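Q: First the structure, then my questions, so here it is.
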Amino acid sequence: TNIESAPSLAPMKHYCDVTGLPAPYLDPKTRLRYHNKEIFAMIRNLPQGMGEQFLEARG
Amino acid sequence: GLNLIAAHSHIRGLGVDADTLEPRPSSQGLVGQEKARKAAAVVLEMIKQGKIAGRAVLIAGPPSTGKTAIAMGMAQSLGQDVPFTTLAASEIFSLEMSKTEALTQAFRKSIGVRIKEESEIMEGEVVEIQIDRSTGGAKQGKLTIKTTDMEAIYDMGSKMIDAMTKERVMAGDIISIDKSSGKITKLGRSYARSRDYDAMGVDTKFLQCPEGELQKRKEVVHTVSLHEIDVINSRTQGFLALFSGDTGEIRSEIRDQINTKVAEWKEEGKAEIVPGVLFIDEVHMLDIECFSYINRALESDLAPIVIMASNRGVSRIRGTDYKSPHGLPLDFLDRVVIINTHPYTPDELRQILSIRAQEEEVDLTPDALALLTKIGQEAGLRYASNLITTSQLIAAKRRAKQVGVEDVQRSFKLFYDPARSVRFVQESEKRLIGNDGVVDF
Ligand SMILES: Nc1ncnc2c1ncn2[C@@H]1O[C@H](COP(=O)(O)OP(=O)(O)O)[C@@H](O)[C@H]1O
């Protein structure tokens, strides 16, 4: 009862978490999937307190 | 470095106009020949069209009137796009294989297939590599790289960690991980870790970080001939044969099946056929067994245009005993179309010697150039074009700057032109071995 939820075990296709486009590589400083160099620029100059909110929206 | 000045290192194309086909008299090296260069321009513009078979154009003319010059102009006026293949007609008489098949391979070397497909590559400086070999093994590891713009972390498979310790990727290398295969070509070393390299030379080049994104697709264009595919599909690992000549008699069913698959590649849009140029230098050195095959290899759809050059007048054909014009049989002279050249006027001789002087960067006084034109009127272009290189060095003997009459008259004194050599043979008969006799003073 209420323990019938089941997880998975399979390769997941990791997408971007700034935009919704498919992103193939992350960062060392903030660990964000990102599409290209414009999104890398906006990641590396964003005001503090939001780079954790992207991972909070992702989990 | 491997650009030593040869006898045709001053020709930078055919030199003619490409809009009204006018042979402007002095451009790109070819100076003086007008009608032959216009006909070569027409032939060159119907090579790049592609909508013609393998035909035969015979550059006939006297010795040293610019036939290999026109051929090298057509070679330089195509680039590395349409396959130009030189063939001096004594590479055919081999012993590894027969003679007609050695000719067939030279026809198949000049029909390129041009296909364009994409790859996915990665630029960038490696920031650091961590490999979890702890007794462990090549199982998991982290790769942190960057460009000037990007920076990324990747995890690696076992058959990539076995490629990272294979090329020994350091912390600072500029590598190119081809993603579809896995090879690593280190483009260089990054400058910013110049302290971090101890097992290198004292003089070592260093690059900068690559600019732009880190994951990009290249549209590389390959072009390989039909002889390439024939030698590849001939053994187990047979492409080494076309680097060592150890190929033998290739069976004709392989060539027929490759002629079928190239057409099936063309009709599916996967490929594109580029007809090249085959230059049979000194075509009079073929016997009639060659012409009875060139008469039928110039018939199929897949045949390159043959350009060929003959010196002889009414001469004998090899293999047989009967004479013929240009050393070629008449049933084969029906196929060819002949361009005749002409000897050179003296002002054209003077400016060809001027181009050959400016190519080697040798200063000349105009009196010495007038004397050199006077020599070239009586001894040909090759003798005066060698007297230039001799006279520069003779002027460098006595520490001079410009060559003069007092050095051209020494180069003309030491090194005999062939007319005076024939006179020396005719006036020194009894000691030079004619056929039978040796007289010793
Ligand atoms: N139109 C030209 N422009 C410049 N140099 C030429 C020209 N024609 C001939 N030459 C020179 O004359 C020499 C003889 O030409 P080449 O074609 O080799 O003679 P052959 O036709 O006997 O082989 C070459 O070294 C070349 O440099």
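Letters A, B, ... go to the chains of the structure tokens in the order shown; residues in each chain start at 1; ligands are counted from 1 in the same order.
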Counting only C-alpha atoms and all ligand atoms, which protein, DNA or RNA residues come within 8 Å of ligand 1, given as a ChimeraX atom specification?
A: /B:7-11,29-33,61-71,309,311,352,355-356,381-382,385
Q: Find the residues near residue 38 in chain A: any atom within 10 Å, counting only C-alpha atoms, skip ones fewer than 5 places away on the same chain, and give them as a list in words.
A: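 Once the adjacent positions are removed, what remains is residues 43 and 44 of chain A; 149 and 150 of chain B.
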Q: Any idea which chain A residues end up within 10 Å of chain B if we count only C-alpha atoms, as a compact mmCIF listing (two decimals) with N, CA, C and O atoms, in the first residue's frame please?
A:
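Dumped everything to out.txt:
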# COMPACT_ATOMS: atom_id res chain seq x y z
N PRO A 24 24.79 18.79 -24.50
CA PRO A 24 25.66 17.63 -24.28
C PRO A 24 26.74 17.78 -23.20
O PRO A 24 27.38 16.77 -22.89
N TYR A 25 26.96 18.96 -22.62
CA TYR A 25 28.05 19.08 -21.66
C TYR A 25 27.78 20.11 -20.58
O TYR A 25 27.16 21.15 -20.83
N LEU A 26 28.26 19.82 -19.36
CA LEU A 26 28.04 20.57 -18.14
C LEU A 26 29.27 21.40 -17.77
O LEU A 26 30.21 21.55 -18.55
N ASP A 27 29.27 21.95 -16.55
CA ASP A 27 30.29 22.84 -16.01
C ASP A 27 30.90 22.33 -14.71
O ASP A 27 30.29 21.52 -14.00
N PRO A 28 32.12 22.77 -14.37
CA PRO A 28 32.68 22.43 -13.05
C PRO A 28 32.27 23.36 -11.93
O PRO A 28 32.18 22.93 -10.77
N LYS A 29 32.02 24.63 -12.24
CA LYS A 29 31.76 25.59 -11.17
C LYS A 29 30.33 25.50 -10.68
O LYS A 29 30.08 25.54 -9.47
N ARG A 31 27.75 23.25 -12.43
CA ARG A 31 27.15 21.97 -12.82
C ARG A 31 25.81 22.15 -13.54
O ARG A 31 24.79 21.58 -13.16
N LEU A 32 25.83 22.95 -14.60
CA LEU A 32 24.64 23.22 -15.39
C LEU A 32 24.84 22.70 -16.81
O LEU A 32 25.84 23.02 -17.45
N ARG A 33 23.88 21.92 -17.29
CA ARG A 33 23.84 21.54 -18.69
C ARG A 33 23.54 22.78 -19.52
O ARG A 33 22.68 23.58 -19.15
N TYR A 34 24.24 22.96 -20.64
CA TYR A 34 24.08 24.18 -21.43
C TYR A 34 24.34 23.91 -22.90
O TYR A 34 25.14 23.04 -23.26
N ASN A 36 25.10 26.21 -25.83
CA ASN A 36 26.23 26.78 -26.56
C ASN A 36 26.82 27.94 -25.75
O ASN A 36 26.55 28.08 -24.55
N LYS A 37 27.63 28.78 -26.41
CA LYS A 37 28.46 29.75 -25.70
C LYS A 37 27.69 30.97 -25.22
O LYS A 37 28.15 31.63 -24.28
N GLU A 38 26.54 31.28 -25.82
CA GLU A 38 25.69 32.33 -25.27
C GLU A 38 25.13 31.91 -23.92
O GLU A 38 25.12 32.71 -22.96
N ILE A 39 24.68 30.66 -23.81
CA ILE A 39 24.16 30.17 -22.55
C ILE A 39 25.29 29.96 -21.55
O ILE A 39 25.10 30.17 -20.35
N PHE A 40 26.51 29.66 -22.02
CA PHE A 40 27.64 29.60 -21.10
C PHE A 40 27.99 30.98 -20.56
O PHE A 40 28.37 31.12 -19.39
N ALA A 41 27.88 32.02 -21.40
CA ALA A 41 28.13 33.38 -20.94
C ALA A 41 27.10 33.80 -19.90
O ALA A 41 27.45 34.33 -18.84
Q: Looking only at helix (DSSP H, G or I) from DSSP on the backbone, list the matching residues of chain A as a PDB file with C-alpha atoms, in the first residue's frame.
A:
ATOM      1  CA  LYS A  37      28.460  29.746 -25.705  1.00  0.00           C
ATOM      2  CA  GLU A  38      25.693  32.330 -25.266  1.00  0.00           C
ATOM      3  CA  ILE A  39      24.163  30.165 -22.548  1.00  0.00           C
ATOM      4  CA  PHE A  40      27.643  29.601 -21.102  1.00  0.00           C
ATOM      5  CA  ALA A  41      28.129  33.380 -20.943  1.00  0.00           C
ATOM      6  CA  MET A  42      24.771  33.877 -19.224  1.00  0.00           C
ATOM      7  CA  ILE A  43      25.664  31.075 -16.798  1.00  0.00           C
ATOM      8  CA  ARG A  44      29.034  32.569 -15.903  1.00  0.00           C
ATOM      9  CA  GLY A  51      22.468  29.069 -10.048  1.00  0.00           C
ATOM     10  CA  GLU A  52      21.147  26.954  -7.203  1.00  0.00           C
ATOM     11  CA  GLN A  53      17.559  27.660  -8.281  1.00  0.00           C
ATOM     12  CA  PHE A  54      18.197  26.025 -11.659  1.00  0.00           C
ATOM     13  CA  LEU A  55      19.244  22.824  -9.877  1.00  0.00           C
ATOM     14  CA  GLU A  56      16.263  23.290  -7.549  1.00  0.00           C
ATOM     15  CA  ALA A  57      13.908  23.358 -10.534  1.00  0.00           C
ATOM     16  CA  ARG A  58      15.728  20.324 -11.917  1.00  0.00           C
TER      17      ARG A  58
END
Q: Could you check how far CA of residue 131 in chain B sits from CA of residue 59 in chain A, in Å to one decimal?
A: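 For CA of residue 131 in chain B relative to CA of residue 59 in chain A, the distance reads 28.4 Å.
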Q: To one decimal place, how far is CA of residue 220 in chain B from CA of residue 164 in chain B in Å?
A: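 Value for the CA of residue 220 in chain B-CA of residue 164 in chain B distance: 25.1 Å.
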Q: List every residue of range 237-277 of chain B that DSSP, applied to the backbone of this structure, places in strand (DSSP E or B), and write the result as a CSV table (one decimal) with N, CA, C and O atoms, in the first residue's frame.
A:
chain,number,residue,atom,x,y,z
B,273,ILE,N,30.9,11.9,-60.1
B,273,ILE,CA,32.0,11.4,-60.9
B,273,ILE,C,32.8,12.6,-61.5
B,273,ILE,O,32.1,13.5,-62.1
B,274,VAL,N,34.1,12.6,-61.3
B,274,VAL,CA,34.9,13.7,-61.8
B,274,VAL,C,35.9,13.1,-62.8
B,274,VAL,O,36.8,12.4,-62.4
B,275,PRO,N,35.7,13.4,-64.1
B,275,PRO,CA,36.7,12.9,-65.1
B,275,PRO,C,38.0,13.8,-65.1
B,275,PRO,O,37.9,15.0,-65.2
B,277,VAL,N,42.4,14.2,-66.1
B,277,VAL,CA,43.3,14.4,-67.2
B,277,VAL,C,44.4,13.4,-67.1
B,277,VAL,O,45.0,13.3,-66.0
Q: Range 406-414 of chain B: which residues within 7 Å, counting only C-alpha atoms, same-chain residues fewer than 5 positions away excluded, as a ChimeraX atom specification?
A: /B:368,387,390-391,394-395
Q: Taking N, CA and C atoms for each residue, export the selection above as a PDB file, in the first residue's frame.
A:
ATOM      1  N   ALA B 368      74.222  42.046 -71.169  1.00  0.00           N
ATOM      2  CA  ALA B 368      74.313  40.605 -70.972  1.00  0.00           C
ATOM      3  C   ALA B 368      73.037  39.900 -71.404  1.00  0.00           C
ATOM      4  N   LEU B 387      72.817  28.748 -68.811  1.00  0.00           N
ATOM      5  CA  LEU B 387      73.867  29.757 -68.709  1.00  0.00           C
ATOM      6  C   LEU B 387      73.524  30.830 -67.689  1.00  0.00           C
ATOM      7  N   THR B 390      74.578  29.275 -64.444  1.00  0.00           N
ATOM      8  CA  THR B 390      76.035  29.218 -64.422  1.00  0.00           C
ATOM      9  C   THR B 390      76.647  30.607 -64.221  1.00  0.00           C
ATOM     10  N   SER B 391      76.069  31.630 -64.857  1.00  0.00           N
ATOM     11  CA  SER B 391      76.662  32.959 -64.840  1.00  0.00           C
ATOM     12  C   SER B 391      76.474  33.653 -63.504  1.00  0.00           C
ATOM     13  N   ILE B 394      79.287  32.174 -61.487  1.00  0.00           N
ATOM     14  CA  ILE B 394      80.584  32.700 -61.912  1.00  0.00           C
ATOM     15  C   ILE B 394      80.748  34.158 -61.479  1.00  0.00           C
ATOM     16  N   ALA B 395      79.657  34.927 -61.447  1.00  0.00           N
ATOM     17  CA  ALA B 395      79.720  36.261 -60.861  1.00  0.00           C
ATOM     18  C   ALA B 395      79.925  36.201 -59.353  1.00  0.00           C
TER      19      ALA B 395
END
Q: List the spatial neighbours of residue 177 in chain B as a PyMOL selection string - criterion: any atom at most 8 Å away, only C-alpha atoms, same-chain residues fewer than 5 positions off excluded.
A: chain B and resi 121-123+182-185
Q: Could the residues in this selection be written to a file with C-alpha atoms, as a PDB file, in the first residue's frame?
A:
ATOM      1  CA  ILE B 121      35.128  16.649 -33.648  1.00  0.00           C
ATOM      2  CA  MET B 122      36.178  18.334 -30.407  1.00  0.00           C
ATOM      3  CA  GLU B 123      38.827  21.029 -30.018  1.00  0.00           C
ATOM      4  CA  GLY B 182      38.114   7.635 -30.998  1.00  0.00           C
ATOM      5  CA  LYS B 183      41.484   8.667 -32.381  1.00  0.00           C
ATOM      6  CA  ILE B 184      43.347  11.533 -30.721  1.00  0.00           C
ATOM      7  CA  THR B 185      45.530  13.859 -32.795  1.00  0.00           C
TER       8      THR B 185
END
Q: Pick the closest to residue 334 in chain B from B:398, B:284, B:99, B:55: which is it, counting only C-alpha atoms?
A: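 Of B:398, B:284, B:99, B:55, the one nearest residue 334 in chain B is B:55, counting only C-alpha atoms.
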